[PDB]
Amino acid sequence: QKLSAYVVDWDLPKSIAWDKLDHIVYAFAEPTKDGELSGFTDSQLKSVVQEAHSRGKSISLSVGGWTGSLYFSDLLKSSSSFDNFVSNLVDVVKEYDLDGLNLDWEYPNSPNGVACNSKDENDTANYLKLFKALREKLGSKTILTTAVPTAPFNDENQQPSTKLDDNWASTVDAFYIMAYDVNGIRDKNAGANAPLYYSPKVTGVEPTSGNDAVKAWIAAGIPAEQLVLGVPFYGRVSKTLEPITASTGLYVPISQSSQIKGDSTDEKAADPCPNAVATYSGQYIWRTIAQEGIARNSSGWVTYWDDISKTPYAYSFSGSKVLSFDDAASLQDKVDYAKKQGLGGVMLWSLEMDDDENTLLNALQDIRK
């Protein structure tokens, strides 16, 4: 699995380009309080598994997700709910003829991610117990992967680990680094959604990137070959308080009152926590970007290139907004990095975002390669 591609149950692609990929990750199954797997469509998963196997392709189920991470911590600390979760997790593999499971807990012991998510000092330790259980019960050929944040899983203090149990690398096959959503309204200045690099010279942005995350995880104990760079097929808009020109760069200050809306896929939504506030994400999928000609200086946009983060961005004087995103160029750069760093491969989120010409997916082909 050098090239993995997430598909979403709520929006399957009408046509999956099998020959341009290796491994399909079907998202999501959300764990319930009782430790059962839910929230996915039975017929669709059967359909997609069948297709993948017809063509000699691998498929995994992704358990969890941004809104599916509520019960992970509770489930694993208790011994009874642990075994039943595992039991259900094995059954689903059995049931659908899955080639593996992709655990996506967002995130172990963290006040970030959804606010009301259960959390515990031992979340990472138990996360490792879960994987070990899974391996014992599934064997060595089941693809066991995890989608991970830009720093190693939290310790008993909610700080990224400086060293992960060495059993992590020996149990789990690949760690999919979710190297995107790095910068947002949580920052003072505009930044890249999925930067390849971070520069300390630049303040008012988050001190991480793709390269930095890799570096962090390698240091924590995970070999590079077991690391997988996640890339987006979407971008994000911020509202700049100050207009971007050619003599300004990407890093201008932004509004923080409220996140403005992106494209038509960007519905106002609130996390599954009582009395939480609905918000926009700012998201703009690649399709919108391509159709509206944003990367071609159309529709009132002017396109630039950030030399620091190796990503394109665009600015509309109308509404004063900046769109940080990824194109063929920034994507092919991420692929160059991955190959030179001896990474296991790359993954993309998510397949239905790409245009009908497979522009973004094609830009990723050197990884297979």
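Quick note: we count residues from 1 along the sequence shown, nothing fancier.
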Look over 309-317 and 49-57 in the entry and identify the one with the greater average Cα temperature factor.
49-57
Between 180-188 and 153-161, point out the one with the higher average CA B-factor as the PDB entry records it.
153-161
Determine which member of 243, 262, 108, 195 has the highest CA B-factor, using the values in the deposited entry.
243
Which one of 211, 226, 124, 298 shows the biggest C-alpha B-factor in the PDB entry?
298
Temperature factor at the Cα of residue 346, chain-ranked in thirds, falls in the middle
The third of the chain into which the C-alpha temperature factor of residue 358 falls is the middle
Residue 253: C-alpha B-factor third of its chain, per the entry, is the middle
Test of reading the entry: by CA B factor among the chain's modelled residues, which third contains residue 239?
lowest
Test of reading the entry: by CA B factor among the chain's modelled residues, which third contains residue 324?
lowest
